[PDB]
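Before any questions on how it binds or moves, here is one chain, the form deposited in one PDB entry, in structure tokens.
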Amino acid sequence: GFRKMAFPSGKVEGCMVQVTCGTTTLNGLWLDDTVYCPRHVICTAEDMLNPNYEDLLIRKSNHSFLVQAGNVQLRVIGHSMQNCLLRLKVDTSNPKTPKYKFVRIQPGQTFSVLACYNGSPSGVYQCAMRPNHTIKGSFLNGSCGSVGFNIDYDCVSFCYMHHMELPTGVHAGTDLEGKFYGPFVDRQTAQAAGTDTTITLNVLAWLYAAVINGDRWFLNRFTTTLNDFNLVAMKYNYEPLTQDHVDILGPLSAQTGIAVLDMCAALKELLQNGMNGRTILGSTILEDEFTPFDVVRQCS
């Protein structure tokens, strides 16, 4: 039917390093003469419950950080903290640094994650930021420091760095300025994901994709309004829709001829009676990790 596709990972692979302090190793991101990694690399098992990061960091020598690219040591010559990241100054600029920028993404948006083990890339996956500010993700197990990204023609937009696994096994992390997505903290403490919800905009996008594919069976038999839509959505643990969501679906509506509120109607009826024994795009679930942007890029 329709596959979740990740961005090609080559540009990011050449930026993955290992960073070791003491007995703790994780992944860092080497761009130009900086390596970024989770600041929790400086913690012992005992530090991790309530780490004095500022104190811990200022006590550390540059020599205490072992940064390896493959097997090659890059000497650190400065360290500073940025929110919940370390910015390590290294003695070599990465010759493989791509064109990049750093972006903070919004809940609901998608990105690719290059899962790594101690600086070795092992695989790539496509995911979304959940409304509860986690990633369901479930590979980032022990690959803290692994990064999430989007690629716009030649430019790499880094948007996530993995820091922690929460109790449910979902992943929590920061943007590349070191600011957590969601209310989580980089310590080993009592914290849980909020209740999650289904990304309604993304489901609508996927319903447009199904239309783009040639599916029309599920088109609405009745009209809805945004309010009446949101009463059902929520019974079904879907995120409520706003007019601004309605607008985002503009181009897809244009491409397909199926008005946005007609599609909201179709989703309401799919939820209440249609997805009983039926499939769309070959699937029995309503996919929510494709954005309107993703659908246009892949289905057009």
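Only residues modelled in both forms are compared. Note that residue numbering follows the sequence shown and begins at 1. Basically, rigid core = biggest C-alpha set you can superpose within 1.5 Å across the two forms.
Stretch comparison (137 to 145 versus 182 to 190) by mean CA B-factor in the PDB entry places 137 to 145 on top. If you average the C-alpha B-factors over 168 to 176 and over 95 to 103, the higher value belongs to 168 to 176. Per the PDB record, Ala254 has a higher Cα B-factor than any other of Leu29, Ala254, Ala266, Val41. Remark: of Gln73, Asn202, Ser112, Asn132, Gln73 shows the highest value [criterion: C-alpha B-factor in the PDB entry]. Sorting the modelled residues of the chain by their CA temperature factor places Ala233 in the highest third. Residue-level temperature factors show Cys299 in the highest third of its chain, judged at the C-alpha atom.
Among the modelled residues of its chain, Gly108 has a C-alpha B-factor that falls in the middle third according to the deposited record. When all modelled residues of the chain are sorted by CA temperature factor, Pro121 is found within the middle third. Ranked by C-alpha B-factor against the other modelled residues of its chain, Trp206 falls in the lowest third.
What follows is about the form solved in complex with a partner chain, which we do not show.
Per the 4.5 Å heavy atom criterion, the partner chain in the entry with it bound is contacted by stretch 186 to 194, the sole one of 100 to 108, 186 to 194, 85 to 93, 220 to 228. Only one of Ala254, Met48, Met234, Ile58 lies close to the partner chain in the entry with it bound, with a heavy atom inside 4.5 Å, and it is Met48.
The closest heavy atom approach of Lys268 to the partner chain in the entry with it bound falls outside 4.5 Å. The partner chain is not shown here, but in the entry with it bound it comes within 4.5 Å of a heavy atom of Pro167. Though the partner is left out of this view, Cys144 does reach within 4.5 Å of the partner chain in the entry with it bound, counting heavy atoms only. For the residue set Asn83, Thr168, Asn141, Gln106, core-aligned C-alpha shifts between this form and the one not shown reach 2 angstroms or more at a single site, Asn141. Comparing the shared residues between this form and the one not shown on a common core, the single stretch of 3 or more consecutive C-alphas each displaced by at least 2 Å is 138 to 142.
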